[PDB]
2 protein chains.
Amino acid sequence: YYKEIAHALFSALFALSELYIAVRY
Amino acid sequence: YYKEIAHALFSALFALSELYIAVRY
C-alpha cells in the first residue's frame, strides 16, 4: 500500500513539475 | 515545444490516475 502510494506521489509530482518546465522552457 | 507539453500532459494525467487508484485500492 505504501509502496504504490509513494511511487504514485513521485510520478505525479515528477510529471507535473516536468509540465511546468516543459511550458516555461 | 508543444510536443513535450503533450507528453507531459499525458504523463501527469496517467500519474493522477495512478495516485487515485493507489490511495483507493
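Residues numbered from 1 in each chain as written, not as in the entry; some residues may be left out. Chains lettered and ligands numbered in written order. Heavy atoms only, no water. Residues with missing side-chain atoms left out of burial classes, pairs and counts.

- Structure determination for the deposited model, as stated in its record, used X-ray crystallography, and the stated resolution is 2.800 Å.

Brief notes about the relation of the copies chain A and chain B
Part 1 of the argument: Note on the identical chains: chain A maps onto chain B by a rotation of 179 degrees and an axial translation of 0.2 Å, with an RMSD of 0.6 Å. Here the transformation between the copies is reduced to the relation of a two-fold axis. The rotation axis passes nearest to the C-alpha of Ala-12 of chain A in chain A, at a distance of 2.9 Å.
Part 2 of the argument: Of the residues that chain A buries at the interface, 100% are likewise interface residues in chain B, meaning the two copies contact each other through the same surface. (Least-squares fit on C-alpha atoms. Contact = heavy atoms within 4.5 Å.)

Observations concerning the interface of chain A and chain B
Part 1 of the argument: Counting residues at the interface gives 14 residues for chain A, matched by 14 residues for chain B.
Part 2 of the argument: For the pair chain A and chain B, the two sides together bury roughly 1,200 Å², of which 74% comes from carbon and sulfur.
Part 3 of the argument: Summed over the shared surface of chain A and chain B, the result is zero salt bridges.
Part 4 of the argument: Counting every contact that joins chain A to chain B gives three residue pairs in polar contact.
Part 5 of the argument: Grouping the constituent residues of the side of chain A that touches chain B by class yields ten nonpolar, two polar and two charged. (Buried area = accessible area lost by both parts, 1.4 Å probe. Salt bridge = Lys/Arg side-chain N within 4 Å of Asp/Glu carboxyl O. Polar contact = N/O pair within 3.5 Å; in protein donor to acceptor, adjacent residues only side chain to side chain. Nonpolar A, V, L, I, M, F, W, Y, C, P; charged D, E, K, R; others polar.)

Details of the nonpolar core
Part 1 of the argument: Judged by nonpolar contacts, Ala-12, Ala-15, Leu-19 and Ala-22 of chain A together with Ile-5, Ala-8, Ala-12 and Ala-15 of chain B together constitute the single largest core of eight residues.
Part 2 of the argument: Those elements that place two or more of their residues in this core are α1 (2–24) of chain A together with α1 (2–24) of chain B. (Core = buried A, V, L, I, M, F, W, Y, C linked by side-chain atoms within 4.5 Å. Buried < 20%, exposed > 50% of the residue type's maximum accessible area, 1.4 Å probe, protein only. Helix = DSSP H or I, 4+ residues; strand = E, 2+ residues; numbered from the N terminus.)

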